[PDB]
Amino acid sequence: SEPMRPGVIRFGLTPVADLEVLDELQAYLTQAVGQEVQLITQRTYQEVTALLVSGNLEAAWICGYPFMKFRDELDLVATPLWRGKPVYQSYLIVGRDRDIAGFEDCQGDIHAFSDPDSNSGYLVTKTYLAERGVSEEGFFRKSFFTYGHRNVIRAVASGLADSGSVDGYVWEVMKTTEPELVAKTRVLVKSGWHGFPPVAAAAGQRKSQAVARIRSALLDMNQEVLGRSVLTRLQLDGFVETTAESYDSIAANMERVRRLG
């Protein structure tokens, strides 16, 4: 019960954007919170979520799947707004010129998933498979993790993967920033709408001044020039408060996948 506190406010995420964007987000959070905030990048959602649950981050930008997986150990801070709504889709992508009708035609593909703890990069496609009585090992000739949504698009564009499961927000953003790369892909399947990947805190930190200041920095991010500059680079509109109810559609798919196979 001797308290442990960090030397600096730590904000965890996966590399969701270019280094210049992340530097600008770090600068914004430092400015809004009124003291140093350090961005801690990890490769995987397992890594970021584990650091947050164990009290080695003040907050983290995670995914609805890891959030619902550790629902009792985590509190929602804020949900991003994209194209005016706190929701997104999983895209199943193939090569631009690939001649197939739908999901069934992907049998025997090499498939690129993003991360085993990603809603849009794994769980949605896993739900499509499980509903039809198959797993990735049975349906695909090979499946692998890229540990990055932009990397799924690169894997399909380069022809190393026949198909891929990607965050629809990331595909739409990349279409504007790297149009010649994304033009080598097309969307075969769009999923249902799910809660946009949220910012969360450890359950034992509701009272925390650090979490309160990070929450305010996110909700008030449009108030100042630097905040609006970061949001413009992310193609996000801001952050809103949500309840766990917003992530019920992801919880439902987790329960479905658990009950099947």
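Sequential numbering from 1, following the sequence displayed.
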| property | result |
| --- | --- |
| Greater mean Cα temperature factor according to the PDB record, 148 to 156 or 93 to 101 | 93 to 101 |
| Residue stretch of maximal mean CA temperature factor, 24 to 32 vs 200 to 208 | 200 to 208 |
| Largest Cα B-factor, entry values, listed residues 60, 68, 234, 218 | 68 |
| Residue 228, C-alpha B-factor rank within chain (lowest, middle or highest third) | middle |
| Third assignment of residue 178 from its chain's C-alpha B-factors | highest |
| CA B-factor placement of residue 134, once the chain's modelled residues are sorted into thirds | middle |
| Third of the chain, ranked by Cα B-factor, where residue 75 sits | highest |
